[PDB]
Structure formats: C-alpha cells, structure tokens
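Asks: Here it is, the structure, as structure tokens.
Cβ coordinates were reconstructed from backbone atoms using ideal geometry, including for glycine residues, and neighbour counts include every protein chain displayed. The numbers here are math on the coordinates, done by the rules we state, and not lab data.
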Ligand SMILES: [Ca+2]
Ligand SMILES: [Ca+2]
Ligand SMILES: [Ca+2]
Ligand SMILES: [Ca+2]
Ligand SMILES: [Cl-]
Ligand code: NI
C-alpha cells in the first residue's frame, strides 16, 4: 500500500 | 463532481517507476486528509469525474530520500472513476468507508 498508506 | 477537499474519490491507477509497472488497481480515498501520496493528491485536485491523466510525482512530493527506491520519480496513469461527498462518519474518522453501512469506530 504505497499509494494509499495503511 | 470535481475532486476537492472532503470528497471521496475513486481512482483507477497504474504506477510506474523507471518504466516498470510497480502496482496498479482501483481504490477510494478521502481527499484533503493526507491519506494519499502528497504529490498524487495535488495532481488530482480539481479533476472532473471521468478524467484520465498522467502525473509525474518527484520524490520530494512523495517518499524523498528514504523511498520505501530513493529519489524516484513516480509515474502515475490515473482515471477518476467516481467523485462524491463524504458522509459525516467518513469526515469524523478522516477516511473513506465502503458503500455498505456498518457503524463503527477506531
Ligand atoms: Ca508501460
Ligand atoms: Ca489522514
Ligand atoms: Ca485527459
Ligand atoms: Ca458520479
Ligand atoms: Cl481514505
Ligand atoms: Ni472508519
């Protein structure tokens, strides 16, 4: 999840 | 509806770094709450639902020197699939929720 981090 | 603060935005995307597809897919996010890569959100600002565009995000508007590669330019191909206003619950949680109702907290 690099675009929308956790 | 245009992408802007407190909109829940659904995007289809392909992410390339140095010409290699790293990740692609579809996701929804709450705009204006630092929930995306900063440079990407800036590129999405004001886009109309249905718009397709490319965005170059320099490492400084993303992962900088650490990366997650160092000093990489992120190459996004983006489709704005859906734009809607957030629910009160999404605004108070500060994130987008799945369409199905399910009251909860964190
Ligand atoms: Ca390609
Ligand atoms: Ca946030
Ligand atoms: Ca276009
Ligand atoms: Ca619509
Ligand atoms: Cl979100
Ligand atoms: Ni929640």
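Asks: Between residue B:77 and residue B:16, with labels modelled 7 Å along Cα→Cβ, what's the label distance in nm to one decimal, could you check?
Replies: For residue B:77 paired with residue B:16, the spin-label model returns 0.7 nm.
Asks: Provide the descending list of Cα extents for the protein assembly as shown along its principal axes, expressed in whole angstroms.
Replies: Per principal axis, max minus min of the Cα coordinates gives 41, 31, 20 Å.
Asks: A further question follows. P(r) tail for chain B, what percent of Cα pairs lie past 20 Å?
Replies: 41
Asks: Please report how far the C-alpha centroid of the stretch B:1-48 lies from that of the stretch B:74-89, rounded to the nearest whole angstrom.
Replies: What the calculation gives is 6 Å, centre to centre.
Asks: Something else about it: When the Cα atoms of the stretch B:57-96 are enclosed in a convex hull and the volume is divided per residue, what value in Å³ results? Intermediate values should be presented prior to the final figure.
Replies: Details: hull volume 4.3 nm³, N = 40.
That works out to 108 Å³ per residue.
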